[PDB]
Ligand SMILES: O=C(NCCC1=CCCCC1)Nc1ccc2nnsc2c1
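Only one chain comes next, encoded as structure tokens, the form deposited without the named molecule.
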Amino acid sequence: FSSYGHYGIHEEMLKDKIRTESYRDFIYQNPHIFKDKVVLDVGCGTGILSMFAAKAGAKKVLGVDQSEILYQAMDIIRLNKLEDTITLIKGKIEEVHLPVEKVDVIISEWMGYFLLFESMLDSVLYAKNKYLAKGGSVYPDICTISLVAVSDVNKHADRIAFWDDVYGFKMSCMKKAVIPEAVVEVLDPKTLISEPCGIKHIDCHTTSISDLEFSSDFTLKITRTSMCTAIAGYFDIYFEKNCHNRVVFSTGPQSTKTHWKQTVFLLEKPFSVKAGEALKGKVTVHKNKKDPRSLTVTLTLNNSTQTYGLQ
């Protein structure tokens, strides 16, 4: 997270209005969760979430960040005259000393592409287990991951078939290098050819890092006779617990784009499909053993298995 030291990443998250306004509406519409409480903001970045908490009436907010962005947060917090409520702490949540032993509320923007990329939920779960007061709460509290079948033969060809004739030379062996790299892009919802299928439900209050390594059967109900060229992944985020004004956002292709877009696993061998059909398959999501921040996602479908990496 040298990357998180740069303004660009933060600028992009703050320009993600669906994302930021969701956390804002949650905090502002449910002040009772925050009023007079002690709040921990895991990975506070510019301090945006910590300031939302302060405005909703938090007694004390600890903004923790490992990146150099923390120093901007310090200045930002002072600029807004919030330094008597929000403390900034520089370091990894799993190793910094905090000046308190328990907190009432943990808030965090931890989600990666396909929800789990970067493995920042591990860090939030660490904070939850070590610092959340008995009876306390962690937000967002519920998360889900869905898959949807895609048909886009022309896009498939632009990316894959590119390699067949490059300035007069065959480079078709490159296709074997292309297929395994999951693509992060916004999908044209016109190209969706199934109903979605949930593949994971996460309760952030009771889940363990162990549960974030998972298999799931899935069935996609095809809505359009055509050819399946890819499977897409996405996630929904819920703010529910203790909320009278409950907040949800989706990062699916049917919803307003976010900076997470969608994660797309291209099929090595696309295959036909009929409206009404129940397309059956299996997905496995594991940390990349060499780099636990990277994901490995294995799709079995139409009698073939393929492992994909998210960077």
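In case it trips you up, residue 1 is the first one in the sequence shown, and so on.
What follows is about the form deposited with the named molecule bound, which we do not show.
**Q** Does the named molecule come within 4.5 Å of a heavy atom in each of 12, 159 and 183 in the deposited bound form?
**A** Every listed residue reaches the named molecule in the deposited bound form, so yes.
**Q** With the named molecule left out of view, choose which of 152, 141, 104, 236 has a non-hydrogen atom within 4.5 angstroms of it in the deposited bound form.
**A** Of the candidates 152, 141, 104, 236, 152 is the one lying within 4.5 Å of the named molecule in the deposited bound form.
**Q** Of 132, 197, 88, 187, which one comes within 4.5 Å of the named molecule in the deposited bound form, counting heavy atoms only?
**A** Flagged contact: 187.
**Q** Partner absent here, but in the deposited bound form, which of 28-36, 259-267, 53-61, 276-284 has residues with a heavy atom within 4.5 Å of the named molecule?
**A** Residues of 259-267 come within 4.5 Å of the partner.
**Q** I'd like to know whether residue 146 contacts the named molecule in the deposited bound form, with contact meaning heavy atoms within 4.5 angstroms.
**A** Residue 146: no, not in contact with the named molecule in the deposited bound form.
**Q** Check whether residue 230 has any heavy atom within 4.5 Å of a heavy atom of the named molecule in the deposited bound form, and answer yes or no.
**A** Close contact exists here: in the deposited bound form, residue 230 approaches the named molecule to within 4.5 Å, heavy atoms only.
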